[PDB]
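In what follows, a structure is listed as C-alpha cells, so that the remarks can point back to it.
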Amino acid sequence: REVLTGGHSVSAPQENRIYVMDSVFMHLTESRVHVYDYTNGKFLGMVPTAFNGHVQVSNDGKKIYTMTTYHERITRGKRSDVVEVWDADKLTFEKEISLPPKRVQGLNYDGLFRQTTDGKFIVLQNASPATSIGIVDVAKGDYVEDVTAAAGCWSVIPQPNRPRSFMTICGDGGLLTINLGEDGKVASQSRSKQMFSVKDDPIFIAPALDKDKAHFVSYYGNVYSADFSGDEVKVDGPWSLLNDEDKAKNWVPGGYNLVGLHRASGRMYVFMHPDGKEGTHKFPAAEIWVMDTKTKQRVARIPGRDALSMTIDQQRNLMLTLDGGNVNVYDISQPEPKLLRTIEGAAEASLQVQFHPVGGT
Amino acid sequence: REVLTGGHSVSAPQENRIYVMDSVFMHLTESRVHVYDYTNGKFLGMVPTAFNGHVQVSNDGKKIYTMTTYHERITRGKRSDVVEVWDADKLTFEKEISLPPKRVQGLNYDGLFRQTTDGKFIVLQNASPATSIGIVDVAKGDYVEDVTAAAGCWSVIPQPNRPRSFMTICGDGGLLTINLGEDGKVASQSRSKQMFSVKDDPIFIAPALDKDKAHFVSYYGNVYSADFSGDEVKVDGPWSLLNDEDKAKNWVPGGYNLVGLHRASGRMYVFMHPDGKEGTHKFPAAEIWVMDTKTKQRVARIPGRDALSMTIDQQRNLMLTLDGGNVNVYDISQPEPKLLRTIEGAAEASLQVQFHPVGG
Amino acid sequence: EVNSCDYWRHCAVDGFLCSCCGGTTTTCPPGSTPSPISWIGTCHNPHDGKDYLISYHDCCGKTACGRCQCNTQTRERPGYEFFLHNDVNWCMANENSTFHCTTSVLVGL
Amino acid sequence: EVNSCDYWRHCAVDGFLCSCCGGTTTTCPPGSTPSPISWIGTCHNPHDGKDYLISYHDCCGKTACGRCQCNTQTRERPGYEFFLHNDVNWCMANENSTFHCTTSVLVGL
Ligand SMILES: N[C@@H](O)Cc1c[nH]c2ccccc12
Ligand SMILES: N=CCc1c[nH]c2ccccc12
C-alpha cells in the first residue's frame, strides 16, 4: 500500500534554513550539523561530521562544506583530516578533499573555517601546534599549500571588498593581510601597526565585520577597528562600550561568537555581563547591547537569555543567538531587537549557528 | 616539578571490577565500556567500542574482548566487523580479529557474544539477516567456523559442564546444541524436543544458568528448563512463577537481561511488574522476585528500582541490577537481597553489566 | 499526532521516529537510505477498528537522529522469531549500517 | 577536593578532570596517552598566597571521559597567545588526537 523512499530534498526552501553546529562534546567523535527551519523551529535534517566537525555554507548557497578528522579505527590508526563537500538540498556527501593532518581541532569560532569573498578558496586554520593558514582550491578539489607567513597568528577574517584576501590576528597585536593569486598561493601580504596591547587589552577574535572594515571588542569592553578600504590596513582604538554607570557595575563582553554587525545601519551587537573580572570572558550574556558604531553610543539593551554565540543575516535583518542548546530568533530591523521565537533543544553542545546564504553578491 | 605519565594499570584489584556496557544509543557510534569498582562506586577507566559495541571478559580474567563495527568513513566506506582483544589491567588495545560483515548489531543481551567454558573460543551471533553462529579461535586470532546449522535460531548459552559446547534457542521452540572440536569446527550437534510453544508461551532468551541446566522465563510468567547433564538435552516446563493472587494482579516478567541464578542455593531472581498485557515484556521491574527452583515457589520479593538488567557473582554472593543509567549492588548471601549501594550515572544507555571473572 | 510514540501505527517502534527527523512516516530524511529489510508489527487502528501489518524499515547511513525516541513492544517477539524482533538494527544489511531513524510503513490488513 | 572544578590548580581547565576518569591530577587514566604539548595557566594558591604555573596536558587516544567537565578561564587568552589558550584540543599532535581528559600538572612558582 505504502512504499518507503529516499532520495528526497530538504522540505523547506533554502531561505528558511539555519545550521546549528553541534559539537556533541560529551561524544565528540559524533559531532554533526543540525539543519532547522528558523520560521517554525522544524528540524529539517543533518550532516554527520565525525570528530569535532566545523561547517560553512558555500557563498553561492549550493553546497555545505565540512571539515573533520577521521582515523582508520577512530582511537587508533592513520589520521585523515578532510574537507567534505555536501549537496545542500539533498544533504548527501559528494567529495572529500585531503588536508595535511594538522587542521585546527577546537571550538567552533567562525574564523577557523572560512572562504574567500569570491568563493573560490576555502581558508582554514592549521595548528601542529605551529600555526599556519591552509588554502583549499574549490574548483580543483585540492589543497594548495600552507600560508606559513601566518605563523604566530590566529583565525581568518575575509575582506568582503576583495575577491581573495583575508586577514589574521597576530601575537604582536597587529593584523596580517594575505592576498592570494588565482592559484591560491600568496601573491602579496602586509602587516598593520599594533592595533591592541596583547598584555593590557586583549581582544576577542570574533570580528564585527563590515564590507571594508572590522571591529573587535576587548576583555575590558573596549573597541578596536581595522579599516581595509585601502591596500594597507589602518588600525585604531580603543573607544569604550561603557558609560560611567556601566563601568561602575563592571560590565564587560563575554561569549564565543559574541559580536555581530548590521552593515546597513552600522549597529554592532555584543553579549555583555556585569561584575567582570579576570576569568569571565566566556560567561553567558546577561544582556545584548546594540551599539551605534558611528556615534559610538549604545542605542539598545535587552535580556541575554544566557546566549554565548550569535550570527546576523544582512539580507533579512535578523540575529540568531545560541546558549549552547537553544536558538533565539530576533528581528533587528529596528535599533531594539524583537524576539520572534526560540528553538529548544537544537543541539546538545553548540557554539555556532549560521544562516543559509541568501544573495550576498 | 611534577611529570605526567601514561602506561598505568587500573588502580583497583580485578575482584572489585565491573563492566557497564554503555550503548550511548543517542550517539551509538561512540559506545563504550565503563569500568567501575563495585565496592565504592569509583570510575576506573573505559574501553571505546565504536558502533554498538558488545563486551565480555576472558574467562581467565586477563583480557577484555569487544565486538564492534567500523567503516572507513563511519557513515560511508568499507565495513569492518571485528573482535578486539584488550589487556584487562592496562585497558589497551592488543589485537584485531576480522569477522565476516554480519556480526549482530543489536541491544546487549549476554547471549549475543559469549565464549566456551574452556575460554579457547569466542562464540558470537551473526545476522545478515540470516542467522548463524560465528566461532573465533582466541589462540590463533582467527574466525574459524560459521555454524549455519543454527539458521533460524538465536543467542548462545554456553554449557558450564563441557569445555566447548553451547546451546541456542530455535524457531521450533527447542534447543540446538553444538559441540566444537579442539579446532573450533563443529564436532557434533543435537536438537532437543520442543521445550516451549513459540506462539502461545514465548520465552525470554536470557538464561538462569546452572552448571548442568538452564531455566528460562516466559512472557506469561512460566518457567522452562533444559537439563544438559547428558549429551542429549532434556527439556521440561512449564511451571508458573505465579500464585492465584499474583495472577489476579497480572504479574509477569519484564526486562532484558532479566533473570539470574544463585547456583549454591538454586535461587532464581526475576524482574516482575503488575498489570501485564501484550507489549509489557520490556517494562522496568516493579519488583525482584526470588524463586526457590527446587520447590518451584517464591520465597521473597523486593522493590525493583526500575531495573531492566542484572547479573550475579557466585563467589561473593552478589547481584547487580541496572536501570539503564544506575547500577545497584545487592548482597544475596541470604534469601532476601540486601541493597548495599547505588552507583549513579554509570552509563547513559546501558542494558548490560558484568563482573570481572574471579573463578579462573 | 504522528510524532507521538502513542500513534497507532508506531506500536512496535524501537528507535527515533523519522517524521521528527526531517522525513515522514514513509520517507527517509534527506541523505539517509531505506533498509530493504525490516521487522513487522501488527497494530490496531482505533479509527476504523481494523488490525494492520506495519513494516518498520529503518533509514540508514547517517548517525542517530536523536529525536522522538520510542520503545513500543506490541506483539514484538525475541530473535528466534527474527522478523518480529525490534532489538536489532534493521540497517544491518545496508551499504552503511549506521542507524538514523525508523519509519512505520502500512503494508495491509 | 581535586575532583571539583573549584580546586585551585584547575583554574584554566576546559575539559574533563582526569582524576574523575580513572587517572589522577598528574597521571593519565589507563590506556590514554599524555600530550607532549599543553596550554599553561597561572593559578593562585589559596594557602600560601602565591601563583603557580600549571601545565594542562591532555590525555589522548580514548573517547570523551564525560565526567567532571570544567570550563574555567583564569588568565586564559585567545589563539594569538596560543599556549595560554584552552578552546583547542591539546591532543592535536598526538598519534591519536581523540580527547579523553585534562590533567593539571604543577610546574612551579
Ligand atoms: N529499529 C531498530 O533498527 C533500532 C535499533 C534497536 N536496537 C538497535 C541496536 C543497534 C542499532 C539500531 C537498533
Ligand atoms: N583541553 C581542552 C579540550 C578541548 C577544548 N576544545 C576542544 C575541541 C576539540 C577537542 C578537545 C577540546
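Ligands are numbered from 1 in the order shown, residues from 1 within each chain, and chains are lettered A, B, ... in the order they appear in the C-alpha cells.
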task: Pull the strand (DSSP E) assignments for segment 5-107 of chain D out of DSSP run on the backbone, and list those residues as a PyMOL selection string.
output: chain D and resi 14-16+33-44+51-60+69-71+99-102+105-107
query: Which parts of chain D does DSSP call helix (DSSP H, G or I) when run on the backbone here, written out as a VMD selection string?
result: chain D and resid 8 to 10 18 to 20 79 to 84
Would you mind aligning chain D to chain C, a least-squares fit over all C-alpha atoms taken in order, and returning the superposed chain as a CSV table (one decimal) with N, CA and C atoms, in the first residue's frame?
```csv
chain,number,residue,atom,x,y,z
D,1,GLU,N,0.0,14.4,15.2
D,1,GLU,CA,-0.1,13.2,16.0
D,1,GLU,C,0.9,12.1,15.6
D,2,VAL,N,1.4,12.1,14.4
D,2,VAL,CA,2.3,11.1,13.9
D,2,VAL,C,3.7,11.2,14.6
D,3,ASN,N,4.0,12.3,15.3
D,3,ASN,CA,5.2,12.5,16.0
D,3,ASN,C,5.2,12.0,17.5
D,4,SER,N,4.1,11.4,17.9
D,4,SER,CA,3.9,10.8,19.2
D,4,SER,C,4.1,9.3,19.2
D,5,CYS,N,4.8,8.8,20.3
D,5,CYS,CA,5.0,7.4,20.4
D,5,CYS,C,3.7,6.6,20.5
D,6,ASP,N,2.6,7.3,20.9
D,6,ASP,CA,1.3,6.7,21.1
D,6,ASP,C,0.5,6.6,19.8
D,7,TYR,N,1.0,7.1,18.7
D,7,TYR,CA,0.3,7.0,17.4
D,7,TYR,C,0.2,5.5,17.1
D,8,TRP,N,-1.0,5.1,16.6
D,8,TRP,CA,-1.3,3.7,16.5
D,8,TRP,C,-0.3,2.9,15.6
D,9,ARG,N,0.2,3.6,14.5
D,9,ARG,CA,1.0,2.9,13.5
D,9,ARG,C,2.4,2.6,14.1
D,10,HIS,N,2.7,3.2,15.3
D,10,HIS,CA,4.1,3.1,15.9
D,10,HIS,C,4.2,2.0,16.9
D,11,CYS,N,3.3,1.0,16.9
D,11,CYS,CA,3.1,0.1,18.0
D,11,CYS,C,4.3,-0.9,18.3
D,12,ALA,N,5.2,-1.0,17.3
D,12,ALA,CA,6.4,-1.8,17.6
D,12,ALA,C,7.7,-1.1,17.2
D,13,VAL,N,7.6,0.2,17.2
D,13,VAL,CA,8.9,1.0,17.0
D,13,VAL,C,9.8,1.0,18.2
D,14,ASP,N,11.1,0.6,17.9
D,14,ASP,CA,12.2,0.8,18.8
D,14,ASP,C,13.2,1.7,18.1
D,15,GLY,N,13.2,3.0,18.3
D,15,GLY,CA,14.1,3.9,17.6
D,15,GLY,C,13.5,5.3,17.5
D,16,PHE,N,14.1,6.1,16.7
D,16,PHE,CA,13.6,7.5,16.5
D,16,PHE,C,12.6,7.6,15.4
D,17,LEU,N,11.5,8.3,15.6
D,17,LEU,CA,10.5,8.4,14.6
D,17,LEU,C,11.1,9.3,13.4
D,18,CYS,N,11.2,8.7,12.2
D,18,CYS,CA,11.7,9.5,11.1
D,18,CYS,C,10.9,10.8,10.8
D,19,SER,N,9.6,10.9,11.2
D,19,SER,CA,8.8,12.1,11.0
D,19,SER,C,9.3,13.3,11.8
D,20,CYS,N,10.1,13.0,12.8
D,20,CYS,CA,10.7,14.1,13.7
D,20,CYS,C,12.1,14.4,13.2
D,21,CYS,N,12.6,13.7,12.2
D,21,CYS,CA,14.0,13.8,11.8
D,21,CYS,C,14.1,14.4,10.4
D,22,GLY,N,13.1,15.1,9.9
D,22,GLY,CA,13.3,15.7,8.6
D,22,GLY,C,12.7,14.8,7.5
D,23,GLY,N,12.1,13.6,7.9
D,23,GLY,CA,11.5,12.7,6.9
D,23,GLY,C,10.0,12.7,7.2
D,24,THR,N,9.3,11.6,6.8
D,24,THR,CA,7.9,11.4,7.1
D,24,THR,C,7.7,9.9,7.6
D,25,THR,N,6.5,9.5,7.9
D,25,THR,CA,6.3,8.1,8.3
D,25,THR,C,6.7,7.1,7.2
D,26,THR,N,6.8,7.6,5.9
D,26,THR,CA,7.1,6.7,4.8
D,26,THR,C,8.2,7.2,3.9
D,27,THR,N,9.0,8.2,4.4
D,27,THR,CA,10.2,8.6,3.6
D,27,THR,C,11.3,8.9,4.5
D,28,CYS,N,12.5,8.6,4.0
D,28,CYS,CA,13.7,8.8,4.9
D,28,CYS,C,14.1,10.3,4.8
D,29,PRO,N,14.6,10.8,5.9
D,29,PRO,CA,15.2,12.1,5.9
D,29,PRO,C,16.2,12.2,4.8
D,30,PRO,N,16.5,13.4,4.2
D,30,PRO,CA,17.4,13.6,3.2
D,30,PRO,C,18.8,13.0,3.6
D,31,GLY,N,19.4,12.2,2.6
D,31,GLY,CA,20.7,11.7,2.8
D,31,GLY,C,20.8,10.4,3.6
D,32,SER,N,19.6,9.9,4.0
D,32,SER,CA,19.6,8.6,4.7
D,32,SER,C,18.9,7.6,3.8
D,33,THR,N,19.3,6.3,3.9
D,33,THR,CA,19.0,5.3,2.9
D,33,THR,C,18.0,4.3,3.5
D,34,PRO,N,16.9,3.9,2.9
D,34,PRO,CA,16.0,2.9,3.4
D,34,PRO,C,16.6,1.5,3.5
D,35,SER,N,16.3,0.8,4.6
D,35,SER,CA,16.6,-0.6,4.6
D,35,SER,C,15.7,-1.4,3.8
D,36,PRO,N,16.2,-2.4,3.0
D,36,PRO,CA,15.4,-3.3,2.2
D,36,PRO,C,14.6,-4.3,3.1
D,37,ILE,N,15.1,-4.5,4.3
D,37,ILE,CA,14.6,-5.4,5.2
D,37,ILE,C,14.0,-4.7,6.5
D,38,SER,N,13.2,-5.4,7.3
D,38,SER,CA,12.6,-4.7,8.4
D,38,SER,C,12.0,-5.7,9.3
D,39,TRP,N,11.7,-5.3,10.6
D,39,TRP,CA,10.7,-6.0,11.4
D,39,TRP,C,9.3,-5.5,11.1
D,40,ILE,N,8.3,-6.4,11.4
D,40,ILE,CA,6.9,-6.1,11.1
D,40,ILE,C,6.2,-6.1,12.4
D,41,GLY,N,5.2,-5.2,12.5
D,41,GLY,CA,4.3,-5.2,13.7
D,41,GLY,C,2.9,-5.3,13.2
D,42,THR,N,2.0,-5.7,14.1
D,42,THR,CA,0.6,-5.8,13.8
D,42,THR,C,0.0,-4.8,14.8
D,43,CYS,N,-0.6,-3.7,14.3
D,43,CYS,CA,-1.1,-2.6,15.1
D,43,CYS,C,-2.6,-2.4,14.9
D,44,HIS,N,-3.2,-2.1,16.0
D,44,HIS,CA,-4.7,-1.9,16.0
D,44,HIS,C,-5.0,-0.4,15.6
D,45,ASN,N,-5.9,-0.3,14.6
D,45,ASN,CA,-6.4,1.0,14.2
D,45,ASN,C,-7.6,1.4,15.0
D,46,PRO,N,-7.5,2.5,15.8
D,46,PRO,CA,-8.5,2.8,16.8
D,46,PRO,C,-9.7,3.4,16.1
D,47,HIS,N,-9.7,3.6,14.8
D,47,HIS,CA,-10.8,4.3,14.1
D,47,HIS,C,-11.7,3.2,13.5
D,48,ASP,N,-11.1,2.3,12.8
D,48,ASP,CA,-12.0,1.3,12.1
D,48,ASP,C,-12.0,-0.1,12.9
D,49,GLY,N,-11.2,-0.2,13.9
D,49,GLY,CA,-11.2,-1.3,14.8
D,49,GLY,C,-10.4,-2.6,14.3
D,50,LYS,N,-9.8,-2.4,13.1
D,50,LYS,CA,-9.1,-3.5,12.4
D,50,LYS,C,-7.6,-3.4,12.7
D,51,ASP,N,-6.9,-4.6,12.5
D,51,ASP,CA,-5.4,-4.7,12.7
D,51,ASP,C,-4.7,-4.6,11.3
D,52,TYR,N,-3.6,-3.9,11.3
D,52,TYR,CA,-2.9,-3.7,10.1
D,52,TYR,C,-1.4,-4.1,10.3
D,53,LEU,N,-0.8,-4.6,9.2
D,53,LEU,CA,0.6,-4.9,9.2
D,53,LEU,C,1.4,-3.6,8.9
D,54,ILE,N,2.3,-3.3,9.8
D,54,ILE,CA,3.2,-2.2,9.6
D,54,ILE,C,4.6,-2.6,9.5
D,55,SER,N,5.3,-2.2,8.4
D,55,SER,CA,6.7,-2.6,8.2
D,55,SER,C,7.6,-1.5,8.7
D,56,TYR,N,8.5,-1.8,9.6
D,56,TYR,CA,9.4,-0.8,10.2
D,56,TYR,C,10.8,-0.8,9.6
D,57,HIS,N,10.8,-0.3,8.4
D,57,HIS,CA,12.1,-0.1,7.7
D,57,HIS,C,12.8,1.1,8.4
D,58,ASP,N,14.1,0.8,8.5
D,58,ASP,CA,15.0,1.9,9.1
D,58,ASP,C,15.5,2.8,7.9
D,59,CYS,N,15.9,4.0,8.3
D,59,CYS,CA,16.7,4.8,7.5
D,59,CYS,C,18.1,4.8,8.0
D,60,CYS,N,19.1,4.7,7.1
D,60,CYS,CA,20.4,4.3,7.5
D,60,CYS,C,21.5,5.2,6.9
D,61,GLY,N,22.7,5.1,7.3
D,61,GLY,CA,23.9,5.8,6.7
D,61,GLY,C,24.1,7.2,7.2
D,62,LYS,N,23.4,7.5,8.3
D,62,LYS,CA,23.6,8.8,9.0
D,62,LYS,C,23.5,8.5,10.5
D,63,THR,N,24.2,9.2,11.3
D,63,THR,CA,24.2,9.0,12.8
D,63,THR,C,22.9,9.3,13.4
D,64,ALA,N,22.8,8.9,14.7
D,64,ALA,CA,21.5,8.8,15.3
D,64,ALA,C,20.7,10.2,15.2
D,65,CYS,N,19.5,10.1,14.8
D,65,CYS,CA,18.7,11.4,14.8
D,65,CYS,C,18.5,12.0,16.1
D,66,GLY,N,18.2,11.2,17.1
D,66,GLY,CA,18.1,11.6,18.5
D,66,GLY,C,16.7,12.2,18.9
D,67,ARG,N,15.8,12.3,18.0
D,67,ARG,CA,14.5,12.9,18.3
D,67,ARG,C,13.4,11.9,18.3
D,68,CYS,N,12.4,12.1,19.2
D,68,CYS,CA,11.2,11.2,19.2
D,68,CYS,C,11.6,9.7,19.4
D,69,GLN,N,12.5,9.4,20.4
D,69,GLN,CA,12.8,8.1,20.7
D,69,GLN,C,11.6,7.3,21.2
D,70,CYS,N,11.2,6.2,20.6
D,70,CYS,CA,10.1,5.3,21.1
D,70,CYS,C,10.6,3.9,21.3
D,71,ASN,N,9.9,3.2,22.3
D,71,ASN,CA,10.2,1.9,22.6
D,71,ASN,C,9.0,1.1,22.8
D,72,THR,N,8.1,0.9,21.8
D,72,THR,CA,6.8,0.2,21.9
D,72,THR,C,6.9,-1.2,21.4
D,73,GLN,N,6.1,-2.1,22.0
D,73,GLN,CA,6.4,-3.5,21.9
D,73,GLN,C,5.2,-4.4,21.7
D,74,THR,N,4.2,-3.8,21.1
D,74,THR,CA,2.9,-4.6,20.8
D,74,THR,C,3.2,-5.7,19.9
D,75,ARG,N,3.0,-7.0,20.3
D,75,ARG,CA,3.2,-8.2,19.5
D,75,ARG,C,4.7,-8.5,19.1
D,76,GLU,N,5.6,-7.7,19.7
D,76,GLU,CA,7.0,-8.0,19.4
D,76,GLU,C,7.5,-9.2,20.1
D,77,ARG,N,8.4,-10.0,19.4
D,77,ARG,CA,8.9,-11.2,19.9
D,77,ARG,C,10.4,-11.3,19.7
D,78,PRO,N,11.0,-12.2,20.5
D,78,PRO,CA,12.5,-12.3,20.5
D,78,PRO,C,13.1,-12.8,19.2
D,79,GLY,N,14.4,-12.9,19.2
D,79,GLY,CA,15.2,-13.1,17.9
D,79,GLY,C,14.9,-14.4,17.2
D,80,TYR,N,14.3,-15.4,17.9
D,80,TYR,CA,14.0,-16.7,17.3
D,80,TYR,C,12.7,-16.6,16.5
D,81,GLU,N,12.0,-15.4,16.5
D,81,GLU,CA,11.0,-15.0,15.5
D,81,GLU,C,11.5,-13.7,14.9
D,82,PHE,N,12.6,-13.8,14.1
D,82,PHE,CA,13.4,-12.7,13.8
D,82,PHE,C,12.8,-11.5,13.2
D,83,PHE,N,11.8,-11.7,12.3
D,83,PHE,CA,11.2,-10.5,11.6
D,83,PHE,C,10.1,-9.9,12.4
D,84,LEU,N,9.9,-10.4,13.6
D,84,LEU,CA,9.0,-9.8,14.6
D,84,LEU,C,9.7,-9.0,15.7
D,85,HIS,N,11.1,-9.0,15.6
D,85,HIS,CA,11.9,-8.6,16.7
D,85,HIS,C,12.5,-7.2,16.5
D,86,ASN,N,12.5,-6.4,17.5
D,86,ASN,CA,12.9,-5.0,17.4
D,86,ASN,C,14.1,-4.5,18.2
D,87,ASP,N,14.8,-5.5,18.8
D,87,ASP,CA,16.1,-5.1,19.5
D,87,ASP,C,17.3,-5.3,18.7
D,88,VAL,N,17.1,-5.4,17.4
D,88,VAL,CA,18.3,-5.5,16.4
D,88,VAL,C,18.2,-4.3,15.4
D,89,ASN,N,19.3,-4.0,14.8
D,89,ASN,CA,19.4,-2.9,13.9
D,89,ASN,C,18.9,-3.3,12.5
D,90,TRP,N,17.8,-2.9,12.1
D,90,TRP,CA,17.3,-3.3,10.7
D,90,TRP,C,18.1,-2.7,9.6
D,91,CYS,N,19.0,-1.8,9.9
D,91,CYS,CA,20.0,-1.3,9.0
D,91,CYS,C,21.2,-2.3,8.7
D,92,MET,N,21.1,-3.5,9.4
D,92,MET,CA,22.3,-4.4,9.5
D,92,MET,C,22.9,-4.8,8.1
D,93,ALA,N,22.0,-4.8,7.1
D,93,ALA,CA,22.4,-5.3,5.7
D,93,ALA,C,22.7,-4.2,4.7
D,94,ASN,N,22.5,-2.9,5.2
D,94,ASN,CA,22.7,-1.8,4.3
D,94,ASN,C,24.2,-1.5,4.0
D,95,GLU,N,24.5,-0.8,2.9
D,95,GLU,CA,25.9,-0.5,2.6
D,95,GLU,C,26.5,0.2,3.7
D,96,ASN,N,25.8,1.1,4.4
D,96,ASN,CA,26.3,1.6,5.7
D,96,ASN,C,25.2,1.4,6.7
D,97,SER,N,25.6,0.6,7.8
D,97,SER,CA,24.7,0.1,8.8
D,97,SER,C,24.4,1.1,9.9
D,98,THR,N,24.9,2.3,9.9
D,98,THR,CA,24.7,3.3,10.9
D,98,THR,C,23.2,3.6,11.0
D,99,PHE,N,22.6,3.6,12.2
D,99,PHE,CA,21.2,3.7,12.3
D,99,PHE,C,20.8,5.2,12.5
D,100,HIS,N,19.8,5.6,11.7
D,100,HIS,CA,19.4,7.0,11.7
D,100,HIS,C,18.0,7.2,12.4
D,101,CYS,N,17.0,6.5,11.8
D,101,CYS,CA,15.7,6.6,12.3
D,101,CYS,C,14.8,5.5,11.8
D,102,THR,N,13.6,5.3,12.3
D,102,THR,CA,12.7,4.2,11.9
D,102,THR,C,11.4,4.8,11.3
D,103,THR,N,11.0,4.3,10.2
D,103,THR,CA,9.7,4.6,9.5
D,103,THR,C,8.7,3.5,9.9
D,104,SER,N,7.4,3.9,9.7
D,104,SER,CA,6.3,3.0,10.0
D,104,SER,C,5.4,2.9,8.8
D,105,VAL,N,5.7,1.9,7.9
D,105,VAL,CA,5.1,1.9,6.6
D,105,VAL,C,3.9,0.9,6.6
D,106,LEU,N,2.7,1.4,6.3
D,106,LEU,CA,1.5,0.6,6.3
D,106,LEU,C,1.5,-0.3,5.1
D,107,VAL,N,1.5,-1.6,5.4
D,107,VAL,CA,1.4,-2.7,4.3
D,107,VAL,C,0.0,-3.0,3.9
D,108,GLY,N,-0.9,-3.3,4.9
D,108,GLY,CA,-2.3,-3.6,4.7
D,108,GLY,C,-2.9,-4.3,5.8
D,109,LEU,N,-4.1,-4.9,5.6
D,109,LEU,CA,-4.8,-5.5,6.7
D,109,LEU,C,-4.1,-6.7,7.3
```
- prompt: Which is closest to residue 296 of chain A among A:275, A:224, A:124, A:196, if we use only C-alpha atoms?
  reply: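 Under the stated criterion, the closest residue is A:224.
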message: Taking only C-alpha atoms into account, find every residue of chain A that has an atom no more than 7 Å from chain D, and write it out as an NGL selection string.
response: :A and (26-28 or 75-76 or 105-107 or 128-129 or 152-154 or 169-171 or 204 or 278-280)
List every residue of chain B that has an atom at most 7 Å from any atom of chain A, giving for each one its closest atom pair and the distance in Å to one decimal, counting only C-alpha atoms, sorted by chain and then by ascending residue number, as JSON lines.
```
{"residue": "B:27", "atom": "CA", "partner": "A:30", "partner_atom": "CA", "distance": 6.4}
{"residue": "B:29", "atom": "CA", "partner": "A:30", "partner_atom": "CA", "distance": 6.8}
{"residue": "B:30", "atom": "CA", "partner": "A:27", "partner_atom": "CA", "distance": 6.4}
{"residue": "B:70", "atom": "CA", "partner": "A:73", "partner_atom": "CA", "distance": 6.9}
{"residue": "B:72", "atom": "CA", "partner": "A:72", "partner_atom": "CA", "distance": 6.2}
{"residue": "B:73", "atom": "CA", "partner": "A:70", "partner_atom": "CA", "distance": 6.9}
```
task: Work out how far apart atom CA of residue 48 of chain B and atom CA of residue 146 of chain B are and give it in Å to one decimal.
output: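 Distance reported for this atom pair: 26.9 Å.
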query: Suppose you want the space between atom CA of residue 84 of chain B and atom CA of residue 64 of chain B; what is it in Å?
result: 8.1 Å
